[PDB]
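Asker: Can you keep this structure in mind? I'll have questions shortly.
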Amino acid sequence: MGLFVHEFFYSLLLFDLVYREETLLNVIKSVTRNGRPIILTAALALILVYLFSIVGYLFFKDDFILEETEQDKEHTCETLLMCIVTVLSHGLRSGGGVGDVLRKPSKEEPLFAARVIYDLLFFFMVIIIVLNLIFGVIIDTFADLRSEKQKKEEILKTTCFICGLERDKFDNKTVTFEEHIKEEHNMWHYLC
Amino acid sequence: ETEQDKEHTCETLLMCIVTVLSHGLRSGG
Amino acid sequence: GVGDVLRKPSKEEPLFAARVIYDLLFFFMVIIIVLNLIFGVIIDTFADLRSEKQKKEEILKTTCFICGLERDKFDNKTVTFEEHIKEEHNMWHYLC
Amino acid sequence: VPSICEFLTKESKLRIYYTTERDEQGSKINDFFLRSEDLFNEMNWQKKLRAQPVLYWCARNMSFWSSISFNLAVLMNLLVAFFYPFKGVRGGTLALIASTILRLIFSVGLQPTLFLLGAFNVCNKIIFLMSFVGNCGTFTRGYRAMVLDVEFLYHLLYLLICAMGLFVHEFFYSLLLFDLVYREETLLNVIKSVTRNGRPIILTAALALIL
Amino acid sequence: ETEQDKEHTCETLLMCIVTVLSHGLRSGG
């Protein structure tokens with residue numbers, strides 16, 4: 001895709017070269033290993049939002065109007081029974097405040113109360129609970145990821161080859177212990 | 001009246017204080 | 001909310017669908033995944049940072065100088081153990 | 001004991017508690033030996049200091065000398081912003097010794113006091129340099145090649161703050177405040193909670209910047 | 001005057017710099 005082939009891509013090659021970098025690969029891992037059924041934990045919220053569309057939409061139709069030459073007309077929206085599944089993304093539009101599509105409630109304050117409470121709750125639930133929830137697995141990733149790893153480097157750096165023994169007591173106590181790794185456990189020598 | 005859209009006669013005498021906190025906490029911004 | 005530069009899509013709702021889906025996905029990916037990702041290393045920092053550190057204070061506060069020994073069993077069992085740190089392991093005294 | 005080993009005050013006792021070096025099994029001895037020989041060299045020179053009294057006068061001052069300057073200095077830098085000059089303005093509602101000094105400045109020149117603050121800061125940083133020298137003098141060789149350089153360079157930078165208000169323009173004062181708070185450790189520990197596993201993880205930023 | 005709503009005569013000579021940071025840091029957005 002640049003032999004004689006069109007613009008771009010070059011970008012693709014850059015992305016994979018940096019992927020070939022490992023360490024970043026380790027942090028990249030901090031998102032796939034406990035992730036392979038945890039792409040499925042995304043749809044948890046995508047369904048746990050999905051009902052409270054209706055719970056609003058029944059008692060409250062969206063009542064939404066605004067947020068040839070040109071593509072700019074008098075904004076003929078409002079969501080018959082399809083766009084409900086669309087507007088959730090612009091429902092979840094912000095990390096600031098969710099729902100919140102109708103403005104000018106015009107102080108029919110009871111209706112005011114109902115509406116706010118309901119949106120708040122989605123706000124609350126949707127935003128936080130699921131958002132620290134989505135991460136969560138992203139951050140017990142890295143809580144796991146090192147937590148095994150020094151134990152994997154326990155068995156080479158801390159303890160040596162085949163003893164099943166934590167080494168040191170025995171080593172200070174006798175002979176000279178330092179050079180044990182040259183002969184009695186020298187894996188390279190086993191291969192030799 | 002025709003529509004539900006008037007000149008916005010709000011302001012919170014002593015009740016709506018407990019309401020507006022949610023729109024106080026409106027954003028994470 | 002990320003992307004989201006065009007407003008007034010004017011209900012050419014298919015185009016509407018395409019656009020939203022795409023932005024959402026960036027939204028999703030970009031925002032969260034990478035944002036809890038950026039931090040992540042910021043917060044396994046502090047998960048690491050103490051996690052070594054009490055082990056570094058294991059070797060002075062918990063166990064004493066050169067024994068490679070976790071001390072206490074042996075100490076309750078004999079003599080009087082309390083004053084061991086004045087003589088047999090007194091690094092200051094080694095310097096002296 | 002020998003008759004020289006007593007003069008080996010509390011700064012040593014805690015550095016030796018924190019010079020770990022776990023190479024293998026335990027955090028034992030090679031460690032002690034390195035620190036010990038350097039300590040002997042510092043110890044003789046301490047009695048070379050006895051031939052000159054001014055340094056000893058400074059010595060009981062030193063931590064406080066440095067501290068005093070830093071405190072004083074800022075209560076200066078934020079000052080610039082706090083009351084930018086050229087307008088004739090009122091007050092604008094809009095330690096035993098330290099308090100006395102603050103009070104005196106307070107009825108200042110409503111500008112003369114600002115000049116005074118700059119003047120003692122230059123002076124004040126010179127006392128920090130002197131305290132630093134009191135702790136380590138003759139450029140006495142030592143094993144730790146990172147430390148000597150870093151300490152003197154940071155003190156030099158603090159001397160440099162003195163420049164950007166000697167007769168030198170507004171601001172900066174702010175810079176000096178930022179580094180004094182950096183000299184605070186604990187915040188330095190939390191600051192660390194972002195550089196050590198960060199030195200190739202500034203590279204993990206561009207991951208998203210490419211993604 | 002009648003109301004507290006004028007033609008917005010702002011801009012920060014050398015004081016309001018230390019104010020506007022909060023409305024600098026206005027959002028998490």
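Residues in the structure tokens are numbered from 1 in each chain, the chains being A, B, ... in the order shown, and ligands are numbered from 1 in the order shown.
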For chain D, work out the contacting residues on chain C at 8 Å, counting only C-alpha atoms, and write them as a list in words.

Answerer: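 That gives the following set of residues: residues 30, 34, 38, 41, 42, 43, 45, 46, 49, 56, 59, 60, 65, 66, 68, 91, 92, 95 and 96 of chain C.
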
Asker: List as a list in words the protein and nucleic acid residues near residue 114 in chain A, meaning an atom at most 12 Å away when only C-alpha atoms are counted, but skip any in the same chain fewer than 3 places from it.

Answerer: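 So the residues in contact are residues 55, 56, 59, 60, 105, 107, 108, 109, 110, 111, 117, 118, 119, 120 and 121 of chain A; 19 of chain B.
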
Asker: Considering only alpha helix (DSSP H) as DSSP defines it on the backbone, what residues of chain E qualify? List them as a PyMOL selection string.

Answerer: chain E and resi 17-24

Asker: Take the residues that were just selected and, keeping N, CA, C and O atoms, output them as a PDB file, in the first residue's frame.

Answerer:
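Contents of selection-v5.pdb, freshly written:
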```pdb
ATOM      1  N   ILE E  17      -6.132  36.027  36.500  1.00  0.00           N
ATOM      2  CA  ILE E  17      -5.351  34.857  36.156  1.00  0.00           C
ATOM      3  C   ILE E  17      -5.429  33.799  37.237  1.00  0.00           C
ATOM      4  O   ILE E  17      -5.697  32.630  36.952  1.00  0.00           O
ATOM      5  N   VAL E  18      -5.318  34.193  38.502  1.00  0.00           N
ATOM      6  CA  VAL E  18      -5.393  33.199  39.559  1.00  0.00           C
ATOM      7  C   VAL E  18      -6.830  32.802  39.813  1.00  0.00           C
ATOM      8  O   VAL E  18      -7.095  31.818  40.510  1.00  0.00           O
ATOM      9  N   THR E  19      -7.781  33.518  39.245  1.00  0.00           N
ATOM     10  CA  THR E  19      -9.154  33.096  39.410  1.00  0.00           C
ATOM     11  C   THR E  19      -9.533  32.100  38.345  1.00  0.00           C
ATOM     12  O   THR E  19     -10.056  31.025  38.643  1.00  0.00           O
ATOM     13  N   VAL E  20      -9.228  32.439  37.096  1.00  0.00           N
ATOM     14  CA  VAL E  20      -9.806  31.746  35.960  1.00  0.00           C
ATOM     15  C   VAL E  20      -9.374  30.307  35.846  1.00  0.00           C
ATOM     16  O   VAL E  20      -9.969  29.570  35.075  1.00  0.00           O
ATOM     17  N   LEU E  21      -8.362  29.908  36.604  1.00  0.00           N
ATOM     18  CA  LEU E  21      -7.896  28.539  36.591  1.00  0.00           C
ATOM     19  C   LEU E  21      -8.967  27.576  37.025  1.00  0.00           C
ATOM     20  O   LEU E  21      -8.977  26.421  36.600  1.00  0.00           O
ATOM     21  N   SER E  22      -9.841  28.005  37.910  1.00  0.00           N
ATOM     22  CA  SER E  22     -10.877  27.109  38.349  1.00  0.00           C
ATOM     23  C   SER E  22     -11.870  26.912  37.230  1.00  0.00           C
ATOM     24  O   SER E  22     -12.268  25.785  36.923  1.00  0.00           O
ATOM     25  N   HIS E  23     -12.201  27.996  36.547  1.00  0.00           N
ATOM     26  CA  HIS E  23     -12.964  27.901  35.321  1.00  0.00           C
ATOM     27  C   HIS E  23     -12.073  27.531  34.156  1.00  0.00           C
ATOM     28  O   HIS E  23     -12.570  27.312  33.049  1.00  0.00           O
ATOM     29  N   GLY E  24     -10.769  27.495  34.371  1.00  0.00           N
ATOM     30  CA  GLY E  24      -9.918  26.771  33.467  1.00  0.00           C
ATOM     31  C   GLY E  24     -10.175  25.309  33.713  1.00  0.00           C
ATOM     32  O   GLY E  24     -10.595  24.590  32.807  1.00  0.00           O
TER      33      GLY E  24
END
```

Asker: What lies within 10 Å of residue 79 in chain A using only C-alpha atoms, ignoring chain neighbours under 5 positions off, as a ChimeraX atom specification?

Answerer: /A:57,61-64,84-87

Asker: Quick one: residues within 9 Å of range 16-30 of chain A, only C-alpha atoms, excluding same-chain residues fewer than 5 positions away - as a VMD selection string?

Answerer: (chain A and resid 11 35 138 to 142 144 to 145) or (chain C and resid 37 40 to 41) or (chain D and resid 200 to 201 203 to 204 207)

Asker: Would you output that residue set with N, CA and C atoms, as a short mmCIF file (atom, residue, chain, number, x, y, z; two decimals), in the first residue's frame?

Answerer:
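Final output, saved to result-v8.cif:
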```cif
data_model
loop_
_atom_site.label_atom_id
_atom_site.label_comp_id
_atom_site.auth_asym_id
_atom_site.auth_seq_id
_atom_site.Cartn_x
_atom_site.Cartn_y
_atom_site.Cartn_z
N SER A 11 0.49 4.37 7.77
CA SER A 11 0.08 4.42 9.15
C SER A 11 -0.06 3.03 9.77
N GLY A 35 -9.88 -10.73 29.07
CA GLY A 35 -10.77 -9.92 28.28
C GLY A 35 -11.55 -10.71 27.27
N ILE A 138 -10.44 -4.16 33.68
CA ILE A 138 -9.25 -3.53 33.15
C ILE A 138 -8.25 -3.27 34.26
N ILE A 139 -8.70 -3.13 35.51
CA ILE A 139 -7.68 -2.80 36.48
C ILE A 139 -7.41 -3.94 37.43
N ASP A 140 -8.24 -4.96 37.45
CA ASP A 140 -7.76 -6.15 38.11
C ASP A 140 -6.94 -6.98 37.15
N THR A 141 -6.98 -6.62 35.87
CA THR A 141 -5.97 -7.08 34.94
C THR A 141 -4.58 -6.81 35.48
N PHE A 142 -4.27 -5.53 35.67
CA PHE A 142 -2.93 -5.16 36.08
C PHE A 142 -2.69 -5.47 37.53
N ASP A 144 -3.73 -8.38 38.59
CA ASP A 144 -3.30 -9.75 38.41
C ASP A 144 -1.95 -9.81 37.76
N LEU A 145 -1.72 -8.95 36.77
CA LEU A 145 -0.71 -9.19 35.76
C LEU A 145 0.68 -9.23 36.37
N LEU C 37 -6.85 2.42 30.64
CA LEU C 37 -5.50 2.00 30.30
C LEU C 37 -4.35 2.97 30.66
N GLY C 40 -3.90 2.98 34.14
CA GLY C 40 -3.57 1.72 34.75
C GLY C 40 -2.18 1.69 35.33
N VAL C 41 -1.23 2.05 34.48
CA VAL C 41 0.17 2.01 34.87
C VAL C 41 0.42 3.02 35.96
N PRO D 200 9.70 4.11 30.12
CA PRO D 200 9.11 3.82 28.81
C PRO D 200 7.59 3.86 28.79
N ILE D 201 6.93 4.44 29.79
CA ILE D 201 5.48 4.42 29.74
C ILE D 201 4.94 5.79 29.35
N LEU D 203 5.95 6.30 26.58
CA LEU D 203 5.67 5.66 25.31
C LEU D 203 4.30 4.98 25.31
N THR D 204 3.73 4.66 26.48
CA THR D 204 2.41 4.06 26.30
C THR D 204 1.34 5.10 26.10
N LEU D 207 0.41 5.05 22.19
CA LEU D 207 -0.53 3.97 21.92
C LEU D 207 -1.89 4.49 21.55
#
```

Asker: With a distance cut-off of 12 Å and only C-alpha atoms, select the neighbouring residues of residue 51 in chain C, excluding the residue or stretch itself and same-chain residues fewer than 5 positions from it, and output the selection as a list in words.

Answerer: residues 143, 146, 147 and 150 of chain A; 44, 45, 46, 56, 57 and 58 of chain C

Asker: Leaving out residue 68 in chain D and any residue of its chain fewer than 4 positions from it, which residues lie within 8 Å of it when counting only C-alpha atoms, given as a PyMOL selection string?

Answerer: chain D and resi 64+72+98

Asker: Go ahead and dump the residues you just picked, N, CA and C atoms, as an mmCIF file, in the first residue's frame.

Answerer:
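Listed below is the output, result-v1.cif:
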```
data_model
loop_
_atom_site.group_PDB
_atom_site.id
_atom_site.type_symbol
_atom_site.label_atom_id
_atom_site.label_comp_id
_atom_site.auth_asym_id
_atom_site.auth_seq_id
_atom_site.Cartn_x
_atom_site.Cartn_y
_atom_site.Cartn_z
ATOM 1 N N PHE D 64 17.774 24.219 59.539
ATOM 2 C CA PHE D 64 16.930 25.361 59.730
ATOM 3 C C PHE D 64 17.290 26.481 58.773
ATOM 4 N N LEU D 72 10.671 31.397 53.655
ATOM 5 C CA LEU D 72 10.684 32.812 53.432
ATOM 6 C C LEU D 72 10.501 33.159 51.986
ATOM 7 N N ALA D 98 10.448 33.545 63.061
ATOM 8 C CA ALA D 98 9.823 33.716 61.759
ATOM 9 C C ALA D 98 8.647 34.664 61.815
#
```

Asker: Using only C-alpha atoms, which protein or nucleic acid residues come within 12 Å of residue 32 in chain C? Drop anything in the same chain fewer than 6 positions from it, and give the result as an MDAnalysis selection string.

Answerer: (chainID A and resid 31 42 95 130:139) or (chainID C and resid 1:2 24:26 38:40) or (chainID D and resid 208)

Asker: Expressed in Å to a single decimal, how great is the separation between CA of residue 80 in chain D and CA of residue 13 in chain E?

Answerer: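 According to the coordinates, CA of residue 80 in chain D and CA of residue 13 in chain E are separated by 13.9 Å.
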
Asker: For chain E, list the residues within 9 Å of chain A, counting only C-alpha atoms, and write the list as a list in words.

Answerer: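 So the residues of chain E near chain A are residues 27, 28 and 29 of chain E.
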
Asker: Taking only C-alpha atoms into account, which residues of chain D are within 8 Å of chain E, as a ChimeraX atom specification?

Answerer: /D:81-84

Asker: So what do you get for CA of residue 185 in chain A versus CA of residue 159 in chain A, distance-wise?

Answerer: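 We find that CA of residue 185 in chain A and CA of residue 159 in chain A lie 11.2 Å from each other.
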
Asker: Using only C-alpha atoms for the distances, tell me which of C:3, C:36, C:9, C:55 is nearest to residue 22 in chain C.

Answerer: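 Nearest candidate to residue 22 in chain C out of C:3, C:36, C:9, C:55: C:3.
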